[PDB]
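Residue numbers start at 1 and run along the sequence shown. Excluded from the calculations below are hydrogen atoms, water molecules and symmetry mates; all remaining heavy atoms, backbone and side chain alike, are included. Whatever order the structure lists ligands and atoms in, that order sets their numbers, starting from 1.
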Amino acid sequence: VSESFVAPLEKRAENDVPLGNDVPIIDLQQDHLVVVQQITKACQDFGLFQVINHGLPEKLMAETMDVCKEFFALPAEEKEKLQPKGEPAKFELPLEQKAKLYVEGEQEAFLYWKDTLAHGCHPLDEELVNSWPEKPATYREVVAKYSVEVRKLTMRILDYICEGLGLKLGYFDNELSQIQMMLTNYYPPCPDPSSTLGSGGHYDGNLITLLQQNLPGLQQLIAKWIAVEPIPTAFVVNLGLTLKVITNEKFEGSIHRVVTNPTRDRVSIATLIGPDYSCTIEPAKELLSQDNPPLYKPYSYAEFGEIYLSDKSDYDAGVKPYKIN
Ligand SMILES: CN1[C@H]2C[C@H](OC(=O)[C@H](CO)c3ccccc3)C[C@@H]1[C@@H](O)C2
Ligand SMILES: [Fe+2]
Ligand SMILES: [Sr+2]
Ligand SMILES: [Sr+2]
């Protein structure tokens with residue numbers, strides 16, 4: 001592989017990462033209180049769980065994976081239409097909601113073995129959808145339906161979380177969930193998987209992420225890495241750094257990475273829901289007391305975003321400046 005993609009020695013993945021047998025798989029068609037309790041335990045102990053029988057149509061999940069794979073099968077001349085000034089966009093502010101192809105890495109500067117299609121999904125209007133990919137022909141109609149359904153499921157999970165925390169229902173149904181970035185991640189086969197990463201270890205900076213996958217490669221840090229079993233009809237729920245802060249660390253954030261494969265490609269669909277850049281983030285005042293003092297001072301999501309996207313010296317470098325007590 002090009003030296004551009006060689007990860008620092010300490011960040012390279014070992015070849016035999018064990019299956020995470022303790023990753024919670026939560027059936028959302030259990031009794032209401034059982035679902036609340038199981039989600040609450042998973043958020044407190046792990047910060048990563050899968051949801052099944054989640055009410056999002058399996059046919060739509062399959063049709064969305066199909067059109068996402070079809071997009072990444074498009075020729076160069078079509079993909080160039082999503083490369084501003086002839087190259088992929090960077091994950092930096094301002095993060096625009098129009099569709100672009102993105103490159104990502106860390107500055108021992110190296111690049112992730114990954115192509116990402118990203119666009120906003122909320123609110124859905126003619127202007128936003130007109131800024132989505134023109135090809136494949138069915139991308140817009142399928143992904144419009146998918147984005148509405150994934151948001152519906154995310155808001156159900158956030159209200160289960162509200163009941164678990166003792167927050168009012170709809171606590172996150174506001175500016176805290178206003179941004180919905182859909183990241184379609186393409187991992188082509190890699191000649192040297194021992195030296196590269198599809199995605200370096202990270203928290204998602206946002207509130208909550210739902211991830212759809214068909215093939216292995218996703219791993220979680222529990223200094224022990226575990227493999228997250230692909231269930232094609234499930235969503236992986238990753239709690240973000242923003243929810244870790246708002247819950248005053250009552251909930252864990254998911255630290256995860258993606259490893260490369262020498263033989264086959266992989267497509268994942270990540271729906272990243274979180275605050276508008278104008279938001280002020282702080283521990284929920286409703287949960288604070290002399291026994292539970294705030295561990296973070298209030299901060300600008302925009303200010304956090306700039307640090308989160310640039311400083312990868314530590315997983316929580318984004319929130320380090322705002323730590324108190
Ligand atoms: C591996 N990368 C991490 C950083 C970046 O994330 C983003 O771009 C999100 C998109 O909501 C973001 C969150 C919080 C602040 C700024 C950006 C792109 C991807 C994600 O999987 C997480
Ligand atoms: Fe992520
Ligand atoms: Sr180009
Ligand atoms: Sr257009």
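In terms of protein heavy-atom proximity, atom 9 (C) of ligand 1 is closest to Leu272 CD2, 3.7 Å. With hydrogens left out, the protein atom closest to atom 11 (O) of ligand 1 is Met181 CG, 3.8 Å, a heavy atom. The shortest contact between atom 14 (C) of ligand 1 and any protein heavy atom is with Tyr301 OH, 3.2 Å. Looking only at protein heavy atoms, the nearest one to atom 17 (C) of ligand 1 is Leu309 CD2, 4.0 Å. Looking at atom 8 (O) of ligand 1, its nearest protein heavy atom turns out to be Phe91 CD2, 3.4 Å.
Close contacts between ligand 1 and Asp204 involve ligand atoms 21 (O), 22 (C) [criterion: under 4.0 Å to a heavy atom]. Taking every heavy atom of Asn206 and a limit of under 4.0 angstrom, the matching atoms of ligand 1 come to 13 (C), 14 (C). Within ligand 1, counting atoms from 1 as listed, the ones closer than 4.0 Å to a heavy atom of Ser199 are 1 (C). Within ligand 1, counting atoms from 1 as listed, the ones closer than 4.0 Å to a heavy atom of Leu95 are 8 (O), 10 (C).
With a heavy-atom cut-off of 4.0 Å, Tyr308 touches ligand 1 through its side chain alone. Neither the backbone nor the side chain of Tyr112 comes within 4.0 Å of ligand 1, counting heavy atoms alone. No part of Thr116 comes within 4.0 Å of ligand 1, judged by heavy-atom distances.
Hydrophobic clustering, with ILVMFWY side chains joined whenever heavy atoms are under 4.5 angstrom apart, keeps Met61 apart from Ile231. Note: the hydrophobic cluster containing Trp113 does not contain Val259 (ILVMFWY, side chain heavy atoms under 4.5 Å, direct or indirect links). Both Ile281 and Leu239 are assigned to one and the same hydrophobic cluster, defined by single-linkage of ILVMFWY side chains at heavy-atom distances under 4.5 Å.
Looking at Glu249 and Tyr296, their side chains do bring a donor and an acceptor atom within 3.5 Å of each other.
The existence of a salt bridge linking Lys11 and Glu106 is confirmed by a sub-4.0 Å separation between a basic side-chain nitrogen and an acidic carboxylate oxygen. Ion pairing between a basic and an acidic side chain is recognised when a charged N comes within 4.0 Å of a carboxylate O; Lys79 and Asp115 show no such pairing.
Inclusion of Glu104 in the set of residues having an N or O under 3.5 Å from an N or O of ligand 1 is warranted.
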message = Determine whether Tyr112 and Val258 satisfy the following criterion, side chain to side chain contact (heavy atoms under 4.5 Å, CB included), listing intermediate values before the conclusion.
response = CA-CA 9 Å; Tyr112 299 160; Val258 181; over 6 Å; no
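Aromatic ring orientation, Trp132 versus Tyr139: perpendicular (interplanar angle above 60°, classes split at 30° and 60°). Ring geometry, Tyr146 versus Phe235: the interplanar angle falls from 30° to 60°, so the pair is classed tilted. Using cut-offs of 30° and 60° for the angle between ring planes, the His32 and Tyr160 rings count as tilted.
Taking 4.0 Å as the cut-off, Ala270 does not count as a neighbour of ligand 1 on heavy-atom distance.
Nearest N/O/S atom of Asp204 relative to the Fe ion (ligand 2): this is OD1.
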